[PDB]
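Participant: Here you go, this is structure.cif (mmCIF, C-alpha atoms and all ligand atoms).
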data_structure
#
loop_
_atom_site.label_atom_id
_atom_site.label_comp_id
_atom_site.auth_asym_id
_atom_site.auth_seq_id
_atom_site.Cartn_x
_atom_site.Cartn_y
_atom_site.Cartn_z
CA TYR A 1 0.00 0.00 0.00
CA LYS A 2 1.00 3.50 -1.01
CA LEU A 3 0.38 6.80 0.69
CA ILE A 4 1.21 9.74 -1.53
CA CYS A 5 1.38 13.01 0.44
CA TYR A 6 1.67 16.52 -1.04
CA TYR A 7 3.54 19.43 0.51
CA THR A 8 2.94 22.94 -0.87
CA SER A 9 5.53 25.64 -0.95
CA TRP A 10 3.27 28.49 -0.16
CA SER A 11 2.38 27.01 3.23
CA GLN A 12 5.57 28.37 4.76
CA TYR A 13 4.47 31.95 4.60
CA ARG A 14 1.34 31.31 6.68
CA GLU A 15 1.50 33.08 10.03
CA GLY A 16 1.31 31.80 13.53
CA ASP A 17 1.30 28.07 13.80
CA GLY A 18 -0.05 27.98 10.34
CA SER A 19 3.51 28.21 9.14
CA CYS A 20 4.78 24.82 7.91
CA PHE A 21 8.09 23.58 6.60
CA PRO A 22 9.20 20.16 5.31
CA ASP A 23 10.99 20.36 8.50
CA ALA A 24 7.81 19.19 10.32
CA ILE A 25 6.91 16.21 8.17
CA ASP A 26 7.04 12.85 9.91
CA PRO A 27 9.51 10.86 7.89
CA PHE A 28 7.82 7.51 8.49
CA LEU A 29 4.19 8.70 7.90
CA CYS A 30 3.90 8.54 4.15
CA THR A 31 5.75 6.47 1.47
CA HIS A 32 5.97 9.33 -1.11
CA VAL A 33 6.09 13.02 -0.47
CA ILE A 34 5.57 15.54 -3.27
CA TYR A 35 6.92 19.02 -3.13
CA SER A 36 4.13 21.06 -4.54
CA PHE A 37 4.67 22.98 -7.76
CA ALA A 38 7.84 23.67 -9.69
CA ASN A 39 7.82 26.27 -12.44
CA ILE A 40 8.77 25.97 -16.11
CA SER A 41 10.82 28.66 -17.94
CA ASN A 42 12.52 28.68 -21.27
CA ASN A 43 10.90 25.31 -21.52
CA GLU A 44 12.93 24.00 -18.74
CA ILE A 45 11.72 22.74 -15.38
CA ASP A 46 12.59 25.25 -12.68
CA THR A 47 12.08 26.47 -9.14
CA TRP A 48 9.21 28.63 -7.96
CA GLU A 49 9.89 30.12 -4.52
CA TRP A 50 12.95 32.03 -3.67
CA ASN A 51 14.08 29.26 -1.37
CA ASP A 52 13.05 25.94 -2.78
CA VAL A 53 16.58 24.81 -3.20
CA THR A 54 16.66 25.22 0.55
CA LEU A 55 13.32 23.63 1.32
CA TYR A 56 14.17 21.00 -1.30
CA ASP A 57 17.23 20.15 0.72
CA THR A 58 15.24 20.09 3.90
CA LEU A 59 12.57 17.59 2.60
CA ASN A 60 15.06 15.36 0.94
CA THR A 61 16.97 15.20 4.20
CA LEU A 62 14.08 13.23 5.74
CA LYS A 63 15.39 10.32 3.82
CA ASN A 64 18.31 10.32 6.12
CA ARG A 65 16.07 8.81 8.72
CA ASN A 66 13.75 6.77 6.46
CA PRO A 67 15.70 5.21 3.60
CA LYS A 68 12.49 3.89 2.16
CA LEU A 69 11.03 7.36 1.72
CA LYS A 70 10.74 8.58 -1.88
CA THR A 71 10.21 12.22 -2.99
CA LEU A 72 8.87 13.73 -6.21
CA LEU A 73 8.67 17.30 -7.50
CA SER A 74 5.35 18.35 -8.95
CA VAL A 75 4.98 20.51 -12.10
CA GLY A 76 2.06 22.65 -12.92
CA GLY A 77 -0.40 23.44 -10.16
CA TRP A 78 -3.50 25.64 -10.04
CA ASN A 79 -1.63 28.92 -10.28
CA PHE A 80 0.04 27.83 -13.48
CA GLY A 81 -1.92 28.63 -16.64
CA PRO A 82 -2.96 25.44 -18.51
CA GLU A 83 -2.13 27.25 -21.61
CA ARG A 84 1.50 27.22 -20.60
CA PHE A 85 1.42 23.41 -20.49
CA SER A 86 -0.47 23.15 -23.78
CA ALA A 87 2.04 25.53 -25.42
CA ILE A 88 4.98 23.49 -24.24
CA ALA A 89 3.52 20.12 -25.13
CA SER A 90 2.18 20.98 -28.66
CA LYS A 91 5.49 21.89 -30.18
CA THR A 92 7.83 18.86 -30.18
CA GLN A 93 10.69 21.26 -29.93
CA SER A 94 9.42 22.79 -26.65
CA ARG A 95 8.41 19.35 -25.41
CA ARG A 96 11.68 17.60 -25.86
CA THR A 97 13.49 20.69 -24.68
CA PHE A 98 11.48 20.52 -21.51
CA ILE A 99 12.04 16.86 -21.09
CA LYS A 100 15.80 16.65 -21.53
CA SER A 101 15.90 19.25 -18.85
CA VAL A 102 14.22 17.20 -16.08
CA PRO A 103 16.33 14.25 -14.95
CA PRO A 104 19.40 16.34 -14.15
CA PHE A 105 17.19 18.68 -12.23
CA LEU A 106 15.93 15.86 -10.00
CA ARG A 107 19.29 14.19 -9.73
CA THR A 108 20.79 17.46 -8.82
CA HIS A 109 18.18 18.10 -6.13
CA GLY A 110 17.64 14.67 -4.63
CA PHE A 111 14.20 13.77 -5.96
CA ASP A 112 13.19 10.28 -7.02
CA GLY A 113 10.63 11.37 -9.54
CA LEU A 114 8.70 14.01 -11.44
CA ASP A 115 4.98 14.57 -10.96
CA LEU A 116 2.73 16.01 -13.75
CA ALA A 117 -0.03 18.13 -12.33
CA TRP A 118 -1.25 19.65 -15.58
CA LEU A 119 -4.50 20.99 -14.17
CA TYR A 120 -6.95 19.96 -16.75
CA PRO A 121 -5.96 19.45 -20.33
CA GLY A 122 -8.45 20.33 -23.04
CA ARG A 123 -10.14 18.58 -26.02
CA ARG A 124 -7.28 19.81 -28.15
CA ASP A 125 -4.65 18.58 -25.72
CA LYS A 126 -5.29 14.86 -25.28
CA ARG A 127 -3.01 13.82 -28.22
CA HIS A 128 -0.13 15.80 -26.85
CA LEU A 129 -0.55 14.87 -23.23
CA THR A 130 -0.10 11.33 -24.45
CA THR A 131 3.04 12.39 -26.01
CA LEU A 132 4.56 14.16 -23.06
CA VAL A 133 3.96 11.15 -20.94
CA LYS A 134 5.42 8.76 -23.51
CA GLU A 135 8.56 10.64 -24.33
CA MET A 136 9.12 11.82 -20.75
CA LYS A 137 8.98 8.24 -19.64
CA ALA A 138 11.15 7.05 -22.50
CA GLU A 139 13.80 9.54 -21.30
CA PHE A 140 13.53 8.40 -17.74
CA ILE A 141 14.28 4.87 -18.99
CA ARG A 142 17.23 5.83 -21.11
CA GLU A 143 18.73 7.55 -18.11
CA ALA A 144 18.65 4.57 -15.82
CA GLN A 145 21.31 3.28 -18.22
CA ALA A 146 23.71 5.59 -16.47
CA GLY A 147 23.51 3.18 -13.61
CA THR A 148 21.17 4.91 -11.22
CA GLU A 149 17.70 3.94 -9.99
CA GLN A 150 15.04 4.82 -12.50
CA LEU A 151 13.24 8.11 -11.91
CA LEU A 152 9.53 7.80 -11.16
CA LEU A 153 6.76 9.41 -13.19
CA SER A 154 3.23 10.17 -12.06
CA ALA A 155 0.27 12.36 -12.81
CA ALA A 156 -2.67 13.95 -10.99
CA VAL A 157 -5.78 13.40 -13.03
CA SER A 158 -9.20 14.91 -12.72
CA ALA A 159 -12.02 12.77 -11.46
CA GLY A 160 -14.63 14.58 -13.47
CA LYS A 161 -16.36 12.36 -16.10
CA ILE A 162 -16.50 15.08 -18.62
CA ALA A 163 -13.00 16.23 -17.67
CA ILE A 164 -11.49 12.86 -18.11
CA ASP A 165 -13.44 12.15 -21.34
CA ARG A 166 -12.47 15.57 -22.71
CA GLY A 167 -8.74 15.50 -22.24
CA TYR A 168 -7.49 12.13 -21.01
CA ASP A 169 -6.36 9.12 -22.95
CA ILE A 170 -6.27 6.94 -19.81
CA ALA A 171 -5.62 3.62 -21.60
CA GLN A 172 -2.36 4.92 -22.95
CA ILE A 173 -1.12 7.10 -20.12
CA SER A 174 -1.78 4.37 -17.62
CA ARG A 175 0.86 2.08 -19.00
CA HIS A 176 3.60 4.66 -18.84
CA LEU A 177 2.96 6.47 -15.59
CA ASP A 178 4.27 4.71 -12.49
CA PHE A 179 1.02 5.79 -10.79
CA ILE A 180 -2.09 7.98 -11.22
CA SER A 181 -3.55 10.24 -8.55
CA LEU A 182 -7.28 10.75 -8.69
CA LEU A 183 -8.45 14.18 -7.46
CA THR A 184 -11.53 12.86 -5.84
CA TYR A 185 -12.41 16.03 -3.99
CA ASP A 186 -13.51 18.67 -6.40
CA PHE A 187 -17.03 17.71 -7.16
CA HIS A 188 -18.62 21.00 -6.14
CA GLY A 189 -17.79 24.62 -5.58
CA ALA A 190 -19.29 28.12 -4.93
CA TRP A 191 -19.81 28.19 -8.70
CA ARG A 192 -22.99 26.24 -7.82
CA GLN A 193 -25.47 28.62 -6.26
CA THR A 194 -26.29 25.97 -3.65
CA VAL A 195 -24.73 23.97 -0.86
CA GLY A 196 -22.96 20.67 -1.56
CA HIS A 197 -20.23 18.24 -0.37
CA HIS A 198 -17.09 18.28 -2.50
CA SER A 199 -15.58 14.91 -1.64
CA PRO A 200 -18.42 12.49 -1.27
CA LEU A 201 -17.83 8.73 -1.27
CA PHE A 202 -21.11 7.58 -2.88
CA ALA A 203 -23.75 9.12 -5.19
CA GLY A 204 -26.28 9.17 -2.42
CA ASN A 205 -29.76 8.06 -3.40
CA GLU A 206 -31.59 11.30 -2.86
CA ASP A 207 -30.10 13.53 -5.69
CA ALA A 208 -29.50 11.91 -9.18
CA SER A 209 -28.21 14.71 -11.45
CA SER A 210 -24.44 14.39 -10.82
CA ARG A 212 -23.99 10.82 -10.10
CA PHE A 213 -20.67 10.86 -11.90
CA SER A 214 -19.69 13.29 -9.02
CA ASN A 215 -18.37 10.91 -6.29
CA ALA A 216 -15.22 8.92 -5.64
CA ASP A 217 -16.99 5.63 -6.30
CA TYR A 218 -18.19 6.53 -9.80
CA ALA A 219 -14.79 7.97 -10.53
CA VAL A 220 -12.92 4.87 -9.59
CA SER A 221 -15.30 2.41 -11.16
CA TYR A 222 -15.09 4.55 -14.32
CA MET A 223 -11.30 4.85 -14.55
CA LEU A 224 -11.21 1.13 -14.26
CA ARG A 225 -13.50 0.77 -17.24
CA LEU A 226 -11.49 3.11 -19.35
CA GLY A 227 -8.54 0.79 -18.83
CA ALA A 228 -6.47 1.95 -15.94
CA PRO A 229 -5.43 -0.91 -13.62
CA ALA A 230 -6.02 -0.87 -9.97
CA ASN A 231 -2.31 -1.35 -9.24
CA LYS A 232 -1.60 2.14 -10.59
CA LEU A 233 -4.52 3.93 -8.97
CA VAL A 234 -4.35 6.11 -5.87
CA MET A 235 -7.49 7.80 -4.51
CA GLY A 236 -7.31 11.36 -3.39
CA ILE A 237 -8.32 12.31 0.06
CA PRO A 238 -8.62 15.96 1.00
CA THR A 239 -7.52 17.24 4.32
CA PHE A 240 -9.31 20.57 4.02
CA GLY A 241 -12.89 21.60 3.76
CA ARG A 242 -15.10 23.72 1.54
CA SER A 243 -17.09 26.41 3.29
CA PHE A 244 -19.99 28.58 2.16
CA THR A 245 -21.87 31.60 3.46
CA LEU A 246 -25.55 30.74 3.72
CA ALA A 247 -27.98 32.93 1.82
CA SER A 248 -30.76 31.91 4.26
CA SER A 249 -31.38 30.10 7.57
CA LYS A 250 -31.76 27.02 5.46
CA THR A 251 -29.06 24.44 6.38
CA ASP A 252 -30.28 21.07 5.04
CA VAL A 253 -29.25 19.65 1.64
CA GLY A 254 -29.81 22.20 -1.17
CA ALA A 255 -29.90 25.30 1.07
CA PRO A 256 -29.07 28.36 -1.06
CA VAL A 257 -25.60 29.80 -1.00
CA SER A 258 -24.74 33.42 -1.12
CA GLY A 259 -21.05 32.89 -1.75
CA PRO A 260 -18.00 31.18 -0.33
CA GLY A 261 -17.08 31.14 3.32
CA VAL A 262 -15.11 33.58 5.36
CA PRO A 263 -11.40 33.03 5.28
CA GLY A 264 -9.51 31.14 7.87
CA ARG A 265 -7.40 32.72 10.53
CA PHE A 266 -4.40 30.97 9.10
CA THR A 267 -5.23 29.69 5.67
CA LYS A 268 -6.49 33.16 4.89
CA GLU A 269 -8.56 32.28 1.88
CA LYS A 270 -12.23 32.25 1.01
CA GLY A 271 -14.03 28.98 0.40
CA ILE A 272 -11.42 26.86 1.95
CA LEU A 273 -10.35 25.73 5.45
CA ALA A 274 -7.51 23.67 6.88
CA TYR A 275 -8.58 20.72 9.04
CA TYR A 276 -6.91 22.15 12.12
CA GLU A 277 -8.86 25.39 11.48
CA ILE A 278 -11.96 23.32 11.13
CA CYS A 279 -11.16 21.81 14.50
CA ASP A 280 -11.48 25.21 16.08
CA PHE A 281 -14.58 26.02 14.04
CA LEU A 282 -16.27 22.95 15.03
CA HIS A 283 -16.58 24.41 18.60
CA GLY A 284 -20.03 25.87 18.87
CA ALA A 285 -20.94 24.39 15.57
CA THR A 286 -23.55 21.81 14.81
CA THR A 287 -22.36 18.62 13.10
CA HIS A 288 -24.35 16.48 10.72
CA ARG A 289 -23.37 13.80 8.18
CA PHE A 290 -24.73 12.68 4.83
CA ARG A 291 -25.12 9.05 5.90
CA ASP A 292 -25.90 8.37 2.26
CA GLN A 293 -22.54 9.61 0.99
CA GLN A 294 -20.57 8.87 4.13
CA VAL A 295 -19.24 12.38 4.89
CA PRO A 296 -19.89 15.18 7.36
CA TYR A 297 -20.83 18.86 7.32
CA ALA A 298 -20.99 21.52 9.97
CA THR A 299 -22.72 24.88 10.26
CA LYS A 300 -22.35 27.83 12.61
CA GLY A 301 -24.13 31.05 11.99
CA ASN A 302 -24.23 31.69 8.23
CA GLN A 303 -21.26 29.39 7.70
CA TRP A 304 -21.84 25.95 6.22
CA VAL A 305 -18.83 23.70 5.97
CA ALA A 306 -18.37 20.34 4.27
CA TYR A 307 -15.30 18.35 5.39
CA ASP A 308 -13.67 15.05 6.07
CA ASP A 309 -13.21 13.64 9.50
CA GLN A 310 -11.10 10.63 10.61
CA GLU A 311 -14.22 8.57 10.28
CA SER A 312 -15.03 9.57 6.74
CA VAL A 313 -11.42 9.28 5.90
CA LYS A 314 -10.94 5.79 7.17
CA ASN A 315 -14.12 4.97 5.50
CA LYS A 316 -12.73 5.99 2.16
CA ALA A 317 -9.53 4.15 3.09
CA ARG A 318 -11.29 0.91 3.40
CA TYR A 319 -12.97 1.59 0.07
CA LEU A 320 -9.78 1.62 -1.94
CA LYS A 321 -8.76 -1.54 -0.12
CA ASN A 322 -11.90 -3.30 -1.24
CA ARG A 323 -11.33 -2.33 -4.91
CA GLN A 324 -7.75 -3.30 -4.65
CA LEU A 325 -6.17 -0.01 -5.50
CA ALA A 326 -2.55 0.96 -5.35
CA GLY A 327 -2.94 3.38 -2.50
CA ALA A 328 -4.11 6.62 -1.01
CA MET A 329 -3.35 10.18 -1.70
CA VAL A 330 -3.70 13.04 0.71
CA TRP A 331 -3.86 16.57 -0.59
CA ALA A 332 -1.94 18.86 1.69
CA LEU A 333 0.02 17.72 4.77
CA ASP A 334 0.28 21.38 5.61
CA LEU A 335 -3.47 21.37 5.88
CA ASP A 336 -3.66 18.51 8.37
CA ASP A 337 -3.06 19.14 12.06
CA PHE A 338 0.68 18.77 11.55
CA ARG A 339 1.40 20.19 15.01
CA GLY A 340 -1.38 18.17 16.53
CA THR A 341 -2.45 20.95 18.91
CA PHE A 342 -5.66 22.24 17.29
CA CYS A 343 -7.67 19.01 17.23
CA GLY A 344 -8.25 17.76 20.75
CA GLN A 345 -6.32 14.49 20.88
CA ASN A 346 -2.64 14.93 21.24
CA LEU A 347 -1.98 13.28 17.87
CA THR A 348 0.07 14.66 15.06
CA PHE A 349 -1.28 14.57 11.49
CA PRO A 350 -4.46 13.01 12.78
CA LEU A 351 -6.22 12.55 9.41
CA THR A 352 -3.25 11.31 7.37
CA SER A 353 -2.75 8.89 10.23
CA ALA A 354 -6.26 7.53 10.13
CA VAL A 355 -5.73 6.55 6.56
CA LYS A 356 -2.31 5.07 7.27
CA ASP A 357 -3.68 2.99 10.08
CA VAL A 358 -6.33 1.56 7.79
CA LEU A 359 -3.92 0.89 4.97
CA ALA A 360 -1.53 -0.64 7.44
CA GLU A 361 -4.30 -3.18 8.10
CA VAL A 362 -5.04 -6.02 5.64
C1 LIG A 401 7.36 30.92 -13.48
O1 LIG A 401 7.76 31.32 -14.74
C2 LIG A 401 7.17 32.53 -14.96
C3 LIG A 401 7.44 32.81 -16.41
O2 LIG A 401 8.75 32.36 -16.63
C4 LIG A 401 7.74 33.62 -14.08
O3 LIG A 401 6.92 34.75 -14.35
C5 LIG A 401 7.40 35.38 -15.51
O4 LIG A 401 8.79 35.30 -15.80
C6 LIG A 401 9.27 36.54 -16.35
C7 LIG A 401 9.79 37.64 -15.40
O5 LIG A 401 10.91 37.32 -14.61
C8 LIG A 401 8.13 37.13 -17.16
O6 LIG A 401 8.76 38.02 -18.04
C9 LIG A 401 8.28 39.37 -18.38
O7 LIG A 401 7.19 40.22 -18.09
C10 LIG A 401 7.34 41.58 -18.44
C11 LIG A 401 5.97 42.27 -18.57
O8 LIG A 401 5.15 42.29 -17.41
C12 LIG A 401 8.19 41.84 -19.69
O9 LIG A 401 8.61 43.18 -19.59
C13 LIG A 401 9.40 40.93 -19.86
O10 LIG A 401 9.97 41.10 -21.14
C14 LIG A 401 11.42 40.97 -21.15
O11 LIG A 401 12.08 39.76 -20.82
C15 LIG A 401 13.47 39.86 -20.69
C16 LIG A 401 13.93 38.82 -19.69
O12 LIG A 401 13.11 37.68 -19.81
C17 LIG A 401 14.05 41.22 -20.35
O13 LIG A 401 15.36 41.08 -20.78
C18 LIG A 401 16.26 40.82 -19.68
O14 LIG A 401 15.96 40.05 -18.54
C19 LIG A 401 16.77 40.30 -17.40
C20 LIG A 401 15.88 40.30 -16.15
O15 LIG A 401 14.65 39.68 -16.46
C21 LIG A 401 17.73 41.52 -17.42
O16 LIG A 401 18.79 41.22 -16.53
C22 LIG A 401 18.39 41.89 -18.75
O17 LIG A 401 19.09 43.12 -18.68
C23 LIG A 401 17.31 41.95 -19.83
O18 LIG A 401 16.70 43.23 -19.89
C24 LIG A 401 13.53 42.36 -21.18
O19 LIG A 401 14.14 43.54 -20.69
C25 LIG A 401 12.00 42.40 -21.08
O20 LIG A 401 11.56 43.07 -19.92
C26 LIG A 401 8.91 39.51 -19.76
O21 LIG A 401 8.00 39.19 -20.80
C27 LIG A 401 7.48 35.92 -17.84
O22 LIG A 401 6.76 36.18 -19.02
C28 LIG A 401 6.51 35.39 -16.81
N1 LIG A 401 5.89 34.25 -17.50
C29 LIG A 401 4.76 34.35 -18.22
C30 LIG A 401 4.72 33.79 -19.63
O23 LIG A 401 3.73 34.82 -17.76
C31 LIG A 401 7.57 33.27 -12.61
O24 LIG A 401 8.50 33.98 -11.82
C32 LIG A 401 7.89 31.83 -12.35
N2 LIG A 401 7.42 31.60 -10.97
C33 LIG A 401 8.31 31.75 -9.96
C34 LIG A 401 7.86 32.02 -8.58
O25 LIG A 401 9.52 31.70 -10.07
#
Translate the structure of the given file into structure tokens.
Ligand SMILES: *[C@@H]1O[C@H](CO)[C@@H](O[C@H]2O[C@H](CO)[C@@H](O[C@@H]3O[C@H](CO)[C@@H](O)[C@H](O[C@@H]4O[C@H](CO)[C@@H](O[C@@H]5O[C@H](CO)[C@@H](O)[C@H](O)[C@@H]5O)[C@H](O)[C@@H]4O)[C@@H]3O)[C@H](O)[C@H]2NC(C)=O)[C@H](O)[C@H]1NC(C)=O

Facilitator:
Amino acid sequence: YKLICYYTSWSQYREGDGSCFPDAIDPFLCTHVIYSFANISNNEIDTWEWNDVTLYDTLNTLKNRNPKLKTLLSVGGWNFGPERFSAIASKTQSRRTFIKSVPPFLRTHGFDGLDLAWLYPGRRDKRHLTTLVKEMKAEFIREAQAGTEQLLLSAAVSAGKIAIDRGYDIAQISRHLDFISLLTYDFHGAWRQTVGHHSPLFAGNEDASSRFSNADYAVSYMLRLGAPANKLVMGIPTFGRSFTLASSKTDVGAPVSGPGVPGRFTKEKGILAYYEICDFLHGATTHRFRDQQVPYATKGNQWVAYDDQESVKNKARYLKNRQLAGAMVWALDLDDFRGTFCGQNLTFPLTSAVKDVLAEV
């Protein structure tokens, strides 16, 4: 069993305890840690933050304690225009240029693999995404010849039916990529005038419009398209999506007036770190879509949908029952890394819950 855990650069700058550095990551927790988002310039892979070489160093040092740990550098991200990927990958020149520039980067900085987080390729991009993957992987193979362990190659794919169907040639890309991460947590957003859970497990028998919008449908679908279960890792979010209620209505379908108030620490509308949610929860009312196996809280005109240890283990068993490669947790920085916000004196409570399940048979 795998546990792929992301670490995002921008989390350092958070204030108070919110600040987080690779420095605080428990070396034996996950099996794969992914530094989140490297840039691309002059078609070459490149750093982002002014101090990644430093933080790079600091994350890769964790392997001094856990030899089995592996680390990968992600490329792309949400604040990286999809166009920029498309532009690179449509002109063979740019593509190959980009590619031949990656292995040395990783070798130079201690990484064991590259991660492709091209956030949503288009209709016009499928044919080239297949290329990037192919060639990129061919290069990683030709470099093992130099007598070093072969660099890993993975990709974060959307879990949206349309999304996948629009820009993913799963069948192909699945046989090249060492593993595929399914972003099973973006099935809703403030862009929908009404309340909704973003990382539901099941379709839930009362609504029937977006059944394709749940981890189960996603998985079962990816399998159909051809991807094997030994390359699949299900995403598990460690944050929550919050809304500001446009009425006293709180039950399913209550109208939304817009995203939620920012977090003390995560400082950003619509989203909330687990540890922030832990504080929120106090004085809040907690419910749970028993149908879709996930909770939601409300306090005032603030409606929040999130994942708790329960819902998370729940999902964890799910992937075990479909025989998947492993689990993926989006944002360690978002978990209670210090373990002081969420009652129990446990560090990384959520990511642990999943580990403890996966550590089971
Ligand atoms: C991820 O990558 C991003 C793109 O590479 C990068 O953001 C950008 O990168 C550069 C800026 O560093 C940006 O370039 C310009 O934007 C300006 C307009 O707003 C233009 O004026 C500028 O045009 C020129 O480019 C020349 C250099 O590229 C510059 O010539 C010299 O450059 C030297 C210093 O830059 C200087 O020493 C020398 O004397 C030259 O003068 C020339 O003068 C002129 O100004 C660029 O178009 C990229 O376009 C922008 N990327 C895009 C496409 O949006 C991010 O920094 C990176 N992320 C992180 C955090 O690192």

Participant: Compile the contact shell of residue 284 in chain A as a VMD selection string: residues with an atom at most 12 Å away, counting all atoms listed in the file, same-chain residues fewer than 2 positions apart removed.

Facilitator: chain A and resid 278 to 282 286 to 287 298 to 301 303

Participant: Anything within 10 Å of (-9.2, 29.1, 1.2): list those residues as an MDAnalysis selection string, counting all atoms listed in the file and sticking to the file's coordinates.

Facilitator: chainID A and resid 240:243 260:264 266:274

Participant: Just to be explicit: take each residue in the selection above, keep C-alpha atoms, and write the result as a PDB file, in the frame of the given file.

Facilitator:
ATOM      1  CA  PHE A 240      -9.310  20.570   4.020  1.00  0.00           C
ATOM      2  CA  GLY A 241     -12.890  21.600   3.760  1.00  0.00           C
ATOM      3  CA  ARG A 242     -15.100  23.720   1.540  1.00  0.00           C
ATOM      4  CA  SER A 243     -17.090  26.410   3.290  1.00  0.00           C
ATOM      5  CA  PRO A 260     -18.000  31.180  -0.330  1.00  0.00           C
ATOM      6  CA  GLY A 261     -17.080  31.140   3.320  1.00  0.00           C
ATOM      7  CA  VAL A 262     -15.110  33.580   5.360  1.00  0.00           C
ATOM      8  CA  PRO A 263     -11.400  33.030   5.280  1.00  0.00           C
ATOM      9  CA  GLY A 264      -9.510  31.140   7.870  1.00  0.00           C
ATOM     10  CA  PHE A 266      -4.400  30.970   9.100  1.00  0.00           C
ATOM     11  CA  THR A 267      -5.230  29.690   5.670  1.00  0.00           C
ATOM     12  CA  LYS A 268      -6.490  33.160   4.890  1.00  0.00           C
ATOM     13  CA  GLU A 269      -8.560  32.280   1.880  1.00  0.00           C
ATOM     14  CA  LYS A 270     -12.230  32.250   1.010  1.00  0.00           C
ATOM     15  CA  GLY A 271     -14.030  28.980   0.400  1.00  0.00           C
ATOM     16  CA  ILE A 272     -11.420  26.860   1.950  1.00  0.00           C
ATOM     17  CA  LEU A 273     -10.350  25.730   5.450  1.00  0.00           C
ATOM     18  CA  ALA A 274      -7.510  23.670   6.880  1.00  0.00           C
TER      19      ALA A 274
END

Participant: Suppose you want the space between CA of residue 159 in chain A and CA of residue 237 in chain A; what is it in Å?

Facilitator: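 Between CA of residue 159 in chain A and CA of residue 237 in chain A the gap works out to 12.1 Å.
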
Participant: Considering all atoms listed in the file, can you say which of A:75, A:354, A:234, A:156 comes closest to residue 41 in chain A?

Facilitator: A:75

Participant: Within 12 Å of ligand LIG 401 (chain A) (counting only C-alpha atoms and all ligand atoms), which residues show up? I'd like them as a ChimeraX atom specification.

Facilitator: /A:9-10,37-52,75-77,79-85,87-88

Participant: To one decimal in Å, tell me the separation between CA of residue 206 in chain A and CA of residue 252 in chain A.

Facilitator: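 Interatomic distance here is 12.6 Å.
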
Participant: For a quick check of understanding, using only C-alpha atoms, which of A:142, A:95, A:356, A:250 has the smallest distance to residue 316 in chain A?

Facilitator: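 Checking each of A:142, A:95, A:356, A:250 against residue 316 in chain A, counting only C-alpha atoms, the winner is A:356.
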
Participant: Just give me the gap between CA of residue 26 in chain A and CA of residue 64 in chain A in Å, one decimal is fine.

Facilitator: 12.2 Å

Participant: Select from range 275-361 of chain A every residue with an atom at most 10 Å from any atom of range 208-216 of chain A, then for each give the shortest pair of atoms and their distance in Å to one decimal, using all atoms listed in the file, rows by chain and rising number, as JSON lines.

Facilitator:
{"residue": "A:293", "atom": "CA", "partner": "A:215", "partner_atom": "CA", "distance": 8.5}
{"residue": "A:316", "atom": "CA", "partner": "A:216", "partner_atom": "CA", "distance": 8.7}
{"residue": "A:319", "atom": "CA", "partner": "A:216", "partner_atom": "CA", "distance": 9.6}
{"residue": "A:320", "atom": "CA", "partner": "A:216", "partner_atom": "CA", "distance": 9.8}

Participant: Would you list the contacts of residue 112 in chain A as a list in words, taking every protein, DNA or RNA residue within 9 Å and counting all atoms listed in the file, but skipping same-chain residues closer than 3 positions in sequence?

Facilitator: residues 70, 71, 72, 73, 106, 107, 149, 150, 151, 152 and 153 of chain A

Participant: Could those residues be written to a file, using C-alpha atoms, as a PDB file, in the coordinates of the input?

Facilitator:
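Writing done, so here's out-v5.pdb:
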ATOM      1  CA  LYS A  70      10.740   8.580  -1.880  1.00  0.00           C
ATOM      2  CA  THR A  71      10.210  12.220  -2.990  1.00  0.00           C
ATOM      3  CA  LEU A  72       8.870  13.730  -6.210  1.00  0.00           C
ATOM      4  CA  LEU A  73       8.670  17.300  -7.500  1.00  0.00           C
ATOM      5  CA  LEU A 106      15.930  15.860 -10.000  1.00  0.00           C
ATOM      6  CA  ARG A 107      19.290  14.190  -9.730  1.00  0.00           C
ATOM      7  CA  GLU A 149      17.700   3.940  -9.990  1.00  0.00           C
ATOM      8  CA  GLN A 150      15.040   4.820 -12.500  1.00  0.00           C
ATOM      9  CA  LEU A 151      13.240   8.110 -11.910  1.00  0.00           C
ATOM     10  CA  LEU A 152       9.530   7.800 -11.160  1.00  0.00           C
ATOM     11  CA  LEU A 153       6.760   9.410 -13.190  1.00  0.00           C
TER      12      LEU A 153
END

Participant: Tell me which protein, DNA and RNA residues are within 8 Å of residue 227 in chain A, counting all atoms listed in the file, leaving out same-chain ones fewer than 2 positions away, and put them as a ChimeraX atom specification.

Facilitator: /A:170-171,174,223-225,229

Participant: Looking at all atoms listed in the file, which of A:55, A:222, A:127, A:245 is the one that sits closest to residue 166 in chain A?

Facilitator: A:127

Participant: If I put a ball of radius 12 Å at (-17.8, 16.5, -20.0) in the file's coordinates, which residues poke into it when counting only C-alpha atoms, written as a CSV table (one decimal) with C-alpha atoms, in the coordinates of the input?

Facilitator:
chain,number,residue,atom,x,y,z
A,120,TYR,CA,-7.0,20.0,-16.8
A,122,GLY,CA,-8.4,20.3,-23.0
A,123,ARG,CA,-10.1,18.6,-26.0
A,158,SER,CA,-9.2,14.9,-12.7
A,159,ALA,CA,-12.0,12.8,-11.5
A,160,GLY,CA,-14.6,14.6,-13.5
A,161,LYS,CA,-16.4,12.4,-16.1
A,162,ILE,CA,-16.5,15.1,-18.6
A,163,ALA,CA,-13.0,16.2,-17.7
A,164,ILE,CA,-11.5,12.9,-18.1
A,165,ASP,CA,-13.4,12.2,-21.3
A,166,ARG,CA,-12.5,15.6,-22.7
A,167,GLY,CA,-8.7,15.5,-22.2
A,168,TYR,CA,-7.5,12.1,-21.0
A,210,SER,CA,-24.4,14.4,-10.8
A,213,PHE,CA,-20.7,10.9,-11.9
A,214,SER,CA,-19.7,13.3,-9.0
